[PDB]
Amino acid sequence: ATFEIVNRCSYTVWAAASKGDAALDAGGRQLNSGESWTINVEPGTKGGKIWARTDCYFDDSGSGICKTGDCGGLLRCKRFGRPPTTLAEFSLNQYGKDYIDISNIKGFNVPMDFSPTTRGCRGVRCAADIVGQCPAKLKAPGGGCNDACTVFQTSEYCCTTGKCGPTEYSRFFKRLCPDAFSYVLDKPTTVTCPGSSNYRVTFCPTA
């Protein structure tokens with residue numbers, strides 16, 4: 001499956017793509033404003049994620065740090081990123097269909113649109129100014145808007161027991177972005193696409 005990752009932000013981002021225990025394609029790359037990076041994701045990839053990282057520094061060996069979404073200090077991510085990270089999530093070729101969503105369960109750093117470039121389903125978007133509107137207690141000093149589980153580490157926010165409800169904090173993400181997961185047990189906003197669809201993830205789709 002091909003994913004075109006486009007940075008429409010006015011600032012550079014360092015895109016990242018991982019399935020948690022491995023990189024997807026090269027795993028990460030710098031995307032200056034307007035740049036597009038096309039990756040190939042193996043069919044059948046389950047639990048794949050694409051995200052942006054902000055304010056990164058990398059040396060000649062691809063080691064450094066990002067203010068948001070750092071993945072163990074690597075330019076080429078092999079693991080998931082440090083919250084806050086807006087997430088484009090996908091599971092491909094799952095019983096003949098692909099499943100995509102956007103999630104704010106690990107917070108929000110950059111606005112995103114995640115849409116198919118092929119026929120048969122719609123895209124999803126979370127493009128509201130969640131960092132600007134972020135509740136004081138969720139603001140990440142390093143940048144972004146943390147989810148409540150990251151900040152408070154409670155069973156209710158982390159949905160540890162599988163018995164959690166929405167919260168004042170999850171409702172904030174849901175109000176700004178109805179089409180993204182706001183907490184683990186949110187009413188799903190997953191979109192079913194034809195198996196083997198292709199996609200585009202656009203950072204800052206509106207600006």
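For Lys78, what is the net charge nearby, where nearby means another residue's Cβ is under 11 Å from its Cβ and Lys, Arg count +1, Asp, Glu -1?
In short, +2.
Given the options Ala136, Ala26, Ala148, state which has the largest fluctuation in a GNM of the chain using a 10 Å cut-off (strictly under) for Cα springs.
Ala136
Among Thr161, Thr150, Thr68, which one shows the biggest mean-square fluctuation in a GNM of the chain, springs joining Cα atoms closer than 10 Å?
In the Gaussian network model the winner is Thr161.
Once you list every other residue whose beta carbon is under 12 Å from the beta carbon of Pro205, what net charge do they have if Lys and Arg are +1 and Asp and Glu are -1?
Result for the local shell: +2.
Can you give the FRET efficiency to the nearest 0.05 for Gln94 and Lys137, using r as the Cβ-Cβ distance and R₀ = 30 Å?
FRET efficiency, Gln94 to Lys137: 0.25.
First measure r as the distance between the Cβ atoms of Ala22 and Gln153, then evaluate 1/(1 + (r/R0)^6) with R0 = 30 Å and state the FRET efficiency to the nearest 0.05.
With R0 = 30 Å, the Cβ-Cβ based efficiency is 0.65.
Share of Cα-Cα pairs in the stretch 102-155 beyond 12 Å, in percent?
Value for the stretch 102-155: 67 percent of Cα pairs lie more than 12 Å apart.
Within the stretch 1-15, find all residues whose amide N lies under 15 Å from a label point positioned 7 Å from the Cα of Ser196 along Cα-to-beta-carbon.
1-2
Which distance in Å, rounded to a whole number, links the C-alpha centroids of the stretch 115-152 and the stretch 23-94?
Measuring centre to centre over Cα atoms gives 16 Å.
Fully extended, how many nm does the chain gain between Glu35 and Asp59 (0.36 nm per residue separation, minus their Cα-Cα distance)?
Contour length minus Cα-Cα distance gives 6.6 nm.
Excluding residues on the same chain fewer than 8 positions from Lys187, give the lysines whose Cα lies under 26 Å from its Cα.
Partners within reach: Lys19, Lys46, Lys49, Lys97, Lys106, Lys137, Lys139, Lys163, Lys174.
When the C-alpha atoms of the chain are aligned to their principal axes, what extent does each axis show, in angstrom, from largest down?
42, 38, 32
As a convention, Cβ positions derive from the backbone with ideal geometry for all residues, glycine included, and neighbour counts pool all protein chains shown. Computed from the coordinates by the stated procedures, all read-outs in this text should not be read as laboratory data.
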